Asks: 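The structure's right below; bear with me while I get my questions together.
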Amino acid sequence: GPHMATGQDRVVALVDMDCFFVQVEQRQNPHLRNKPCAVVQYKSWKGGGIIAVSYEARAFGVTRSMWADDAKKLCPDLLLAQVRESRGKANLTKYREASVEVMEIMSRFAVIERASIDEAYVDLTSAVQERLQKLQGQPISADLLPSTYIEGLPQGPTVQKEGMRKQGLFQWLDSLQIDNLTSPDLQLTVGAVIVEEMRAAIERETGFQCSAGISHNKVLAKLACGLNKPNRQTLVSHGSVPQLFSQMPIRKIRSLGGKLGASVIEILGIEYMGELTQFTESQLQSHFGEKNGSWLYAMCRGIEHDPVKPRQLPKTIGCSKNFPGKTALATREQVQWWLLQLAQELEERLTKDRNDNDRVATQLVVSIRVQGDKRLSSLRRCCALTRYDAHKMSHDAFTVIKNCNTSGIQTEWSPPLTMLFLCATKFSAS
DNA sequence: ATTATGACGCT
DNA sequence: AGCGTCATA
Ligand SMILES: [Mg+2]
Ligand SMILES: [Mn+2]
Ligand SMILES: [Mn+2]
């Protein structure tokens, strides 16, 4: 009864930019605004590979991973922006720098966890307590929540979408008990008020729109965020979880989109997150391991304890290039030239990082893929990173991979390399 | 011939 | 350490 922990102690948000690389290009080039458009890398093979798609273009069925030539078949007027190429490779610097713009604004409200190039988690628990105490037990007006959806509402005893949003929000606000500063639903609501302010700040100061989820933990916040994209935010309350999860495919929950999620489905013969509640913690641990089992047992009840880590900066800096089909590297001079290209971009990014962030990387990881290999990486080797010098880093990388060459001849490289990867890791303050 | 990343888990 | 999983533009 009184001891049943409910995963209501925190207020957590996830803020995720809408169509992020597309918005970065639309800010730069006004001709692309409010149009079906996509961001592409490379051009020569099938028009290039799409990595971001505006919502206008999604209406035509354009998706990520699509070749631009194929996307053009669905959407003949599709506009395209190309990722920068430097030193023979795609260069994502413009988007990394746009990410920093957003992360710095978010950091003004609370400590954030950078979760990708375009999203961060926010622990709003403390901020919510402070806003609650200056609120003086005064009700929260719908006007403070102009882009907020309350998941699961309206319900019970208008055919426009905004009309439905407000009806749900009205039901929610009508039910609230603003008299209780410890009420989780109230805390989430004030959390949502703060996230409206955060999202307004991001749009004002960068031009970029975003969506957000507000709940009691990271997994629910992430799930919530996607429910009403673009340019809206969604509150998923603890009470909303049973209905939400009753028809929620297991794969939709973060970390269950791959082999583990498939195994949950196959082994237990279920489809939806809610169905997990009928297994004991020990049953789930028996199939999926101690850690996953306990996590699943709590997660299907809406409960998760993973903290929002205080980390705003990436903890690795890497450079990678595929060499597909007939472009695979088959000579020593080829392999060395591309290690140099990668190492030169890595040095540029590392030196910037050292100046900006007062740290130095101490380990260099080198990874390659060989033709025929089923996997992402065929081989990974580390060595010391002692100087921010591209020629040394590329020479060192070659030394660690030198023996992968199976050719008797040393001038040729076999089997040909289909991927090179340089990653700087193990930072120390400097 | 999706590509370029980046975090974290396992042994 | 090196490998595997899962994730996002
Ligand atoms: Mg996406
Ligand atoms: Mn996004
Ligand atoms: Mn994202």
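Chain naming here is simple, since letters A, B, ... match the order of the sequence lines and numbering starts at 1 in each. Just so it is clear, the values below take in all heavy atoms, side chains as well, and ignore hydrogens, waters and symmetry mates.
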Asks: Between A:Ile50 and A:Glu113, which has a closest nucleotide on DNA chain B that is more 5'?
Replies: A:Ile50

Asks: Can you tell which of C:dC6, B:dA1, B:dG6 lies closest to the side chain of A:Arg114?
Replies: B:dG6

Asks: Once rounded to the nearest 0.5 Å, what's the spacing between atom CE of A:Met106 and atom OH of A:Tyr121?
Replies: 11.0 Å

Asks: Need one value for A:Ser65: base, sugar-phosphate or nothing, where a base atom within 4.0 Å counts as base even if backbone is also close, heavy atoms only.
Replies: base

Asks: Mind calculating the distance between CG (A:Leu376) and P (B:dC8) to the nearest angstrom?
Replies: 18 Å

Asks: Tell me if a side-chain donor or acceptor on A:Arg114 pairs with a main-chain N or O of A:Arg311 at a distance below 3.5 Å.
Replies: no

Asks: For A:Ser237 and A:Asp185, what are the C-alpha separation, side-chain angles and deciding distance, and is it a side-chain hydrogen bond (donor to acceptor under 3.5 Å, both in side chains)?
Replies: CA-CA 7 Å; A:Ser237 60; A:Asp185 289 339; 4.8 Å; no

Asks: More 5' along DNA chain B: A:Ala115 or A:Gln41, using each one's nearest nucleotide?
Replies: A:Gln41

Asks: Quickly work out the A:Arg380 CZ to B:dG6 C1' distance and round it to whole Å.
Replies: 11 Å

Asks: Applying a 4.0 Å non-hydrogen cut-off, can you work out what A:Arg375 is touching in the nucleic acid: base, sugar-phosphate, or nothing?
Replies: sugar-phosphate

Asks: For the side chain of A:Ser211 and the backbone of A:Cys225, is there at least one donor-acceptor N/O pair under 3.5 Å apart?
Replies: no

Asks: Round to the nearest Å and state the distance from A:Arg311 atom CZ to B:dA7 atom P.
Replies: 6 Å

Asks: Looking at every strand, decide which applies to A:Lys46 at a 4.0 Å heavy-atom threshold: base, sugar-phosphate, or nothing.
Replies: nothing

Asks: Check whether the aromatic ring of A:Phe20 stacks on the base of C:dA9, taking stacking as ring centres less than 5.5 Å apart and planes within 30° of each other.
Replies: no

Asks: Answer with base, sugar-phosphate or nothing: what part of the nucleic acid does A:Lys326 contact at a heavy-atom distance below 4.0 Å?
Replies: nothing

Asks: Mind calculating the distance between CG (A:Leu342) and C1' (B:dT3) to the nearest angstrom?
Replies: 13 Å

Asks: Does any part of the side chain of A:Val335, heavy atoms only, come nearer than 4.5 Å to the side chain of A:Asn405, both counted from C-beta?
Replies: no

Asks: So, does A:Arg64 get its side chain near the phosphate of C:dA9, meaning an N or O under 4.0 Å from OP1 or OP2?
Replies: yes

Asks: Side chains of A:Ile368 and A:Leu420: does their closest heavy-atom pair fall under 4.5 Å?
Replies: yes

Asks: Heavy atoms only, 4.0 Å cut-off, all strands: where does A:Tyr95 land among base, sugar-phosphate and nothing?
Replies: nothing

Asks: Using whole Å, report how far CZ of A:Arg96 lies from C1' of C:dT8.
Replies: 13 Å

Asks: Could you tell me the separation between the CE atom of A:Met419 and the P atom of B:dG6, rounded to a whole number of Å?
Replies: 14 Å

Asks: Choose from C:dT8, B:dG6, B:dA4 the nucleotide whose nearest atom is closest to any side-chain atom of A:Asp118.
Replies: C:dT8

Asks: Base, sugar-phosphate, or nothing: which does A:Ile317 touch, judged by heavy atoms less than 4.0 Å apart?
Replies: sugar-phosphate

Asks: Does A:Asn322 put a side-chain nitrogen or oxygen below 4.0 Å from OP1 or OP2 of B:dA4?
Replies: yes

Asks: Parallel, tilted or perpendicular: which one describes the rings of A:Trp67 and A:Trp45, with boundaries at 30° and 60°?
Replies: perpendicular

Asks: Could you state the CG-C1' distance from A:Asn91 to B:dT3, rounded to the nearest angstrom?
Replies: 14 Å

Asks: Return the value, rounded to whole Å, for the distance between atom CD of A:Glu119 and atom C1' of B:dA7.
Replies: 12 Å

Asks: Look at A:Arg254 and C:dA7 and indicate whether a side-chain polar atom (N or O) is within less than 4.0 Å of OP1 or OP2.
Replies: no

Asks: Between the main-chain N or O of A:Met66 and the side-chain N or O of A:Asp70, is there a donor-acceptor pair closer than 3.5 Å?
Replies: no

Asks: Could you list by number each residue of residues 420-430 of chain A showing a heavy-atom separation from DNA chain B of less than 4.0 Å, or answer none if no residue does?
Replies: none

Asks: Any idea which heavy atoms bring A:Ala68 and A:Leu80 closest together, and the distance?
Replies: CB-CD1, 3.9 Å

Asks: Rounding to an integer number of angstrom, what distance separates B:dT2 and C:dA7 when you compare their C1' atoms?
Replies: 15 Å

Asks: When all nucleic acid strands are considered with a 4.0 Å heavy-atom cut-off, which category describes A:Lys94: base, sugar-phosphate, or nothing?
Replies: nothing

